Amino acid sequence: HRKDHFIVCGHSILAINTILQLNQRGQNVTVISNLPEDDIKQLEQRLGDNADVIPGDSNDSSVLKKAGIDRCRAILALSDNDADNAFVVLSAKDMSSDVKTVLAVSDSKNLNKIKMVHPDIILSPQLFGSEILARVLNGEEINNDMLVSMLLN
């Protein structure tokens, strides 16, 4: 029974570090991974002692309900497959509606495509980082409102 927690879909480098950063801030995280029985083990240890890894498929809404999407703070589609991330978002919008969704893009080319599934937050690691680099090198100061603006869709 998970509540007021974050659900992370995926086991990519972006997903793992986001889970760790969330744990470090005292947040509860529930991970869903389609990895093999053997790999789930290496991942649970890769994460820590309070690792809540639900072996399964996030495209399936029954696993999402199980993971607790009804009581989470947000669901994060962070795998290296943009088709699965786009779908995780669709499934979620189809279950609750008011649930907050975050989606990271693996291939910057797909950005306009995922815009179509309307996630609350979109993160393209390559474009976000390049835009920030451009500003910082240009001596421009980036305040909090500018940063959040590059994330909110």
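Residues carry their position along the shown sequence, with the first being 1.
Engineer: Using only the Cα atoms and their B-factors as the entry lists them, report which of 27 to 35 and 83 to 91 averages higher.
Structural biologist: Comparing averages over the C-alpha atoms only gives 27 to 35.
Engineer: Using only C-alpha atoms and the B-factors in the entry, which stretch averages higher, 92 to 100 or 66 to 74?
Structural biologist: Comparing averages over the C-alpha atoms only gives 92 to 100.
Engineer: For the CA B factor values reported in this entry, which option in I114, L127, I54, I121 has the top one?
Structural biologist: Highest C-alpha B-factor among the listed residues goes to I54.
Engineer: Hey, what third does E131 fall into on Cα B-factor, ranked over its chain?
Structural biologist: For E131, whose C-alpha B-factor we compare with every modelled residue in the chain, the answer is the lowest third.
Engineer: Once the chain's modelled residues are ordered by C-alpha B factor and cut into thirds, is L152 in the lowest, middle or highest one?
Structural biologist: Highest third - that is where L152 ends up once the chain's C-alpha B-factors are sorted.
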